[PDB]
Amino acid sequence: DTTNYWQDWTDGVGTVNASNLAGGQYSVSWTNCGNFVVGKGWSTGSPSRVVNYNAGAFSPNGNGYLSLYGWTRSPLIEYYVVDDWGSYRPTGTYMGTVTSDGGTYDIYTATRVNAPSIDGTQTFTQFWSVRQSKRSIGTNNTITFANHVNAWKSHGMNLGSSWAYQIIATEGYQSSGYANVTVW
């Protein structure tokens, strides 16, 4: 189940240089970005996928995230399993916790109103698992996504029936930084 998909999306604000390197590896350098989502993974997500990564570097100067990230449709859901962040730890409405792969994660919901999405301007829902402390960087890290899917289900956070991409994403917001990550 090695990676099959490369994502290099930016809103075109500031400079985001993303490199599609061999296999599951990518890098990104950014200066004064708006928003971007870069990473590697799978063009069709699975609720049972076991994802592995090693972030050789993850050094946001300000707001960036390193997450398992993807979308469903029917309904439209943007989801995150956040292992590392910079200056800002993302939150929403608290639902409970899930303990997986050595971490305890807070579970949040949020609504995004007429906001940017995979289908342009849409009102959609976010499902979050946010680690309570930053995960180690430069280590081989597993995200057992079924644990998060099943924890989310227990709070009525059911994913949509149509799966879009599923990646280990570096995301920045009004920040600068560097990352270098290998996914498998």
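Don't overthink the numbering: it's just position in the shown sequence, from 1. Just so we're on the same page, rigid core means the largest C-alpha set that superposes within 1.5 Å between forms.
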{"query": "Between stretches 133-141 and 111-119, more displaced by Cα RMS in 6 other deposited structures of this protein (rigid core superposition)", "finding": "111-119"}
{"query": "Mean C-alpha temperature factor, higher of 117-125 and 51-59", "finding": "117-125"}
{"query": "Residue with highest C-alpha B-factor in the PDB entry, from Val149, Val130, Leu66, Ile137", "finding": "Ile137"}
{"query": "Ranked C-alpha temperature factor of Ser162 among modelled chain residues, by third", "finding": "highest"}
{"query": "Position of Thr31 among the chain's modelled residues by C-alpha B-factor, lowest, middle or highest third", "finding": "highest"}
{"query": "CA B-factor ranking of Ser74, expressed as a third of its chain", "finding": "highest"}
{"query": "Assigned third (lowest, middle, highest) for the C-alpha B factor of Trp184", "finding": "middle"}
{"query": "Where the record places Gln25 (Cα B-factor, split into thirds across the chain)", "finding": "lowest"}
